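Okay, so here's just one chain, in structure tokens, the form deposited in one PDB entry.
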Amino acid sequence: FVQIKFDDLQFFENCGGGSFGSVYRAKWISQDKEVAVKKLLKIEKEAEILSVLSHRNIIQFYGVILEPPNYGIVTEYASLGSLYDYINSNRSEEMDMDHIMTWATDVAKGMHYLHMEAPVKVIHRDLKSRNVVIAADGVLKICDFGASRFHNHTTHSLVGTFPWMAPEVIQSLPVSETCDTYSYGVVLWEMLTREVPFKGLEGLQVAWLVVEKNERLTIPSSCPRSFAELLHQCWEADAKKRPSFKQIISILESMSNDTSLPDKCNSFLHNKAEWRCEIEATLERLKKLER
């Protein structure tokens, strides 16, 4: 349990309003390192075992702040920001089939480690594109994987979470690991369409569309079948019909050994000026149904 001192830190920026669960961009002075700092109410003994998880697709624990009553967890800071901000910018014009497959695989391998390879089983329950960050070399790193057990303040408005939540999560029902599979499917759709999920709709309308009407994100017709099949499998209302992350990794492996997919996918990606209306027409229908 390496301890980082308050006096060894300079804070530059905060996400979440300084509340418990807020995350700071900061500088670890003695290490001359940029770091992220999450404020916690308290360090619970159970979550100390999170300090030993380590994987290249998971954000790396650096240490804890214990200066009572102030408590915090310090991690690496991924230089290129959140996946969500990258996707909804002009920076993501460069995404192609190979880019999507590498990043899909990054998140799958991170989640597989969390579910099956760490000293404890970890079910994220809040996986989303704001919770994946991009390291300097483009490696994706999952954040906030321990909040569902520990920091119940990073969990909790919640509007910007409902599009990523499995139906059983929205219903506060008991949860298996495939709730993360559902969230992953949404992240995959964001990489394929470069669209904000359910853009324009309020979170609670999304919650009702997803749980009651079995609504899902629109998959454009020209999206290659391999991606549509994986997405539909991840979005099954029945949690047990969803694939494990080992299965997703296997499926991504098959897809990358399909020599026809790169042409199919890359033609789909630079044809957004055509299928974008399909997304916009569903969004019209959903808010018209609301009215």
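When you see a residue number, it is the position in the sequence shown, counting from 1. Shifts are known only where both forms have a C-alpha. What we label the rigid core is the largest C-alpha set whose atoms superpose within 1.5 Å from one form to the other.
Unshown form deposited in another entry; subsequent notes refer to it.
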Subject >> Candidates 148, 193, 178, 129 - which moves between the shown form and the other one, C-alpha at least 2 Å, core fixed >> reply: 148
Subject >> Shift of residue 267 between the shown form and the other one at or above 2 Å (CA, core fit) >> reply: no
**OP:** With both forms fitted on the core, give yes or no for whether the Cα of residue 42 moves by 2 angstroms or more between the shown form and the other one.
**Re:** yes
Subject >> Cα displacement of residue 14 between the shown form and the other one reaching 2 Å, rigid core superposed >> reply: yes
Subject >> CA-CA separation of residue 63 and residue 46, closer or farther in the other entry than in the form shown [shift of 3 angstroms or more] >> reply: closer
**OP:** Would you mind telling me if residue 48 and residue 17 are closer or farther apart in the other entry than in the shown form, C-alpha to C-alpha, with a 3 Å or larger change?
**Re:** farther
Original post:
Lining up the core, where do at least three residues in a row all have CA moves of 2 Å or more between the shown form and the other one?
Top reply: 13 to 22, 39 to 47, 147 to 154
